[PDB]
Every structure is written in C-alpha cells, then in structure tokens.
Amino acid sequence: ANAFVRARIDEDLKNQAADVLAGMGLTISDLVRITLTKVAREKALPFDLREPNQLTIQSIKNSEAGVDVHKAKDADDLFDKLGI
Amino acid sequence: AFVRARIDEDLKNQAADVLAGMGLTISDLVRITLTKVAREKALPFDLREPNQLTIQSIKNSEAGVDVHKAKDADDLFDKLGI
Amino acid sequence: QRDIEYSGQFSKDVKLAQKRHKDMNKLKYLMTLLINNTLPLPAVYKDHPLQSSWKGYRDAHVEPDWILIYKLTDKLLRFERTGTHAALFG
Amino acid sequence: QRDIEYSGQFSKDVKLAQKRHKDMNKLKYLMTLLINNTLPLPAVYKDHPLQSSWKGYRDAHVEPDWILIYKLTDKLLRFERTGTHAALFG
C-alpha cells in the first residue's frame, strides 16, 4: 500500500525548491505528500498555483483600458445580452 | 533529474483521479507546485488545517476562556512584554 | 449598487461553456450573488483574490475546474473570464 | 474603532518568538496596521482567510515562515496565535 511519486524536473529548480523547503523543516517529499493529501481530500487544487495565462492577461489589459467592455443594467439584462 | 516521494497507494490513486479530471498527472502538479515554491520562496496557502494547539486556542477564545483585553496598541504591547 | 460590466472575452468564454454543455445555472447563480452584493460569497465558492498584480480581481469556483474571474470595486463589478484552469491559467 | 483582544496562547507564542530572538518589531508593525484599520495590508503580508469551520479568522505572514492568526469582525480584533507553519498547522 506504499507507492512512489516519480516526477521529472529541472535539477536547478529542484535544488532551489529544496533549499526554500529546508528552511522550514520540510523536504520535497514532505511537500509532495502534503499537497497530494490536500488534493485528494478536497477534490480540488490548491489556490494560485499558476499566474493567469496570456489570453487572460490580455483580456484584463484590454478591460483596464476600456477596450471591448460592455455594460448591463441588472442580472436579467446581463443574461439576456450573454445569451444565457 | 527526478523528484521521488514515498506515498500511500490509495492517496496516490485518489489524487491521480482528481488531477486526471483536469487533464493533469501527479508529476504535472509536482512540477507546478515546486515551481511556485522556488519562485516565491514560500509555501502555497492553506496546505494544512490548523493543528490541535491552534484549534484548542480558538475553542477557548470562542468560549471566553483565557481571553484578555487591551485598550490600545501601547497597552497591548506592554501587556505582552514587547 | 455596483455598475455591471463584462469583457468581450467573457462573452466568448460563456458561449464556449454553453457549447460544452456546462451547467449554466451554477454560473448564473454565482453571478447573481455577485450583482446583489451578497458578500462574502458562501464558502463553497472558494472565493479569493486573483494571483495577479492587477488590483481588485478575484477568482471564484463554480466547480473545482470551473473558474470565474471578475473585478470587484466599490463602484464596479466586471465579469472578466470563465473556464477551466487550463483555459485561464494554462 | 475595533475592540482589541488577545488569547493566552498568543501571549505564550509571543514570549516564545521573543525567546528565540525573532524581530519583534516586524510583528508589532503588522499588529499596529491591524489595530489602526490600515486595511487591506501591504501585499508582502499575504493576508488571507484561515481555512477552518470558524468564520472571521485570518492568517497573515510576518515572514514566509512566521504567521499571525487573528480574528477580525466588524467590532472585534483578536490576536489568536503566532509562530511557524509547523507550530500552527503541523
């Protein structure tokens, strides 16, 4: 009932993460077990693992500039305009 | 290079099922998580629930046990001896 | 009451969700909660600030792999994108 | 203005940090930010809700492995615990 996680990784990334973790009394295998335990318990990912991708960033840049933004009066009008 | 971690088989299977639903393997999650740790020099949030001591403190506080007042920051800092 | 906006990308994202036969009732209910200032959201939505240098942006989960990204300020609610982790973060 | 409390466990955690020569000024600066409602906090504090069956509790990082747990309600600010990830969650 004891399996192994085996993951290919960049060696420099591995060493750096290992340093960061060692600072807090953890090993990489500790973080792996802790993380997978959370995933299995919650059936979901930990928060904020990745930054928004290029498409999301571009949408945000556009909206912040006022480009391709659309108004709605309330929930009904919004859903109507979205076609949902 | 490789990350190698012993883990409970059933835990591994459950995590793998969750991740498969999202088009990911465990090794993907490992790379993603270690990358975040390396870049931020910090842990992701909420990896572990509050432990028994923290929970006991919260229960006591909530029941009005061992709770102390302070009038302002100066009063507080004096009472804590800092 | 906050002004209500949505981005063109959100329109596309919503069409894609429809096409994929997602449960639009879940998304619509979350959106209504947002519009009605029913804040903080119920815990099930796992609502939290977007990891980004862009201020006011938040991230709520319709499902574990169905995300809504929106901006929330005192005067503004804007629906920005929605989709899977791969679509938004991958 | 918020009523200010601290738990007995907090005074113990504080004496413990003090004992191991932590920079108590970092903690005081943070606590002062909370007391003065200078909210929300500088981003370095990584402030976020505590994951528990107890609404109102939050978790801020004085350092990457030095955490402050506090309760924050409209009328109350209670300093609850402080210490390492291991000491609070391990």
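Keep in mind that the numbers below use all heavy atoms, side chains included, and drop hydrogens, waters and symmetry copies. The chains referred to below are lettered A, B, ... by the order of the sequence lines, with proteins before strands, and numbering in each begins at 1.
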Turns out that what part of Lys43(A) lies under 4.5 Å from chain C's heavy atoms comes down to backbone
Got a sec: does the NZ of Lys12(C) have more than 12 other heavy atoms crowding it under 6.0 Å? no
For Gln18(C) and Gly83(A), indicate whether the former's side chain and the latter's backbone hold a donor-acceptor pair under 3.5 Å. yes
Tabulate, in ascending numerical order, the residues of residues 78-90 of chain C having at least one heavy atom closer than 4.5 Å to a heavy atom of chain A, or enter 'none'. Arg78(C), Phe79(C), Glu80(C), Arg81(C), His85(C), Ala86(C), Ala87(C), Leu88(C), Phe89(C), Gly90(C)
For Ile84(A), is there any backbone N or O sitting under 3.5 Å from a side-chain donor or acceptor partner on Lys28(C)? yes
With a 4.5 angstrom heavy-atom cut-off, is it the side chain or the backbone of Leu78(A) that approaches chain C, or both, or neither? side chain
Answer whether the closest heavy-atom distance between the side chains of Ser11(C) and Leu82(A) falls below 4.5 Å. yes
Taking CZ in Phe4(A) as the centre, count heavy atoms belonging to other residues, nucleotides or ligands within less than 6.0 Å. Is the count above 12? yes
Which value, rounded to the nearest 0.5 Å, describes the distance between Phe10(C) atom CZ and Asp68(A) atom CG? 13.0 Å
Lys81(A): which residues meet the salt bridge (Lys or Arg N to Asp or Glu O under 4.0 Å) condition with it, sequence neighbours left out? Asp77(A)
Please determine, among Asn62(A), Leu55(A), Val67(A), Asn53(A), the option with the most heavy-atom pairs under 4.5 Å with chain C. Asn53(A)
Between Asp74(A) and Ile4(C), the two heavy atoms sitting closest are CA-CD1, 3.8 Å
Rounded to the nearest 0.5 Å, the CD atom of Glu5(C) sits from the OG atom of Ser63(A) at a distance of 7.5 Å
Under 4.5 Å heavy-atom distance to chain A, tell me which part of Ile69(C) shows up: side chain, backbone, both or neither. side chain
Look up atom OG in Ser53(C) and atom CD in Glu51(A), then write down how far apart they are to the nearest 0.5 Å. 7.5 Å
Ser7(C) OG to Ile60(A) CD1 distance, which is reported to the nearest 0.5 Å: 9.0 Å
Using 0.5 Å steps for rounding, measure from the CG atom of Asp65(C) to the CG atom of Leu45(A). 7.0 Å
Please work out which of the three classes, parallel, tilted or perpendicular, describes the rings of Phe47(A) and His61(C), given edges at 30° and 60°. perpendicular
So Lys71(A) and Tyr6(C), do their side chains get closer than 4.5 Å, heavy atoms only? no
If you count heavy-atom pairs under 4.5 Å with chain A, which of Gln1(C), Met31(C), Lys46(C), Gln51(C) comes out on top? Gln51(C)
Proximal component of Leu49(A), with respect to chain C [non-hydrogen, under 4.5 Å]: neither
Under 4.5 Å from any heavy atom of chain C - which part of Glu64(A): both
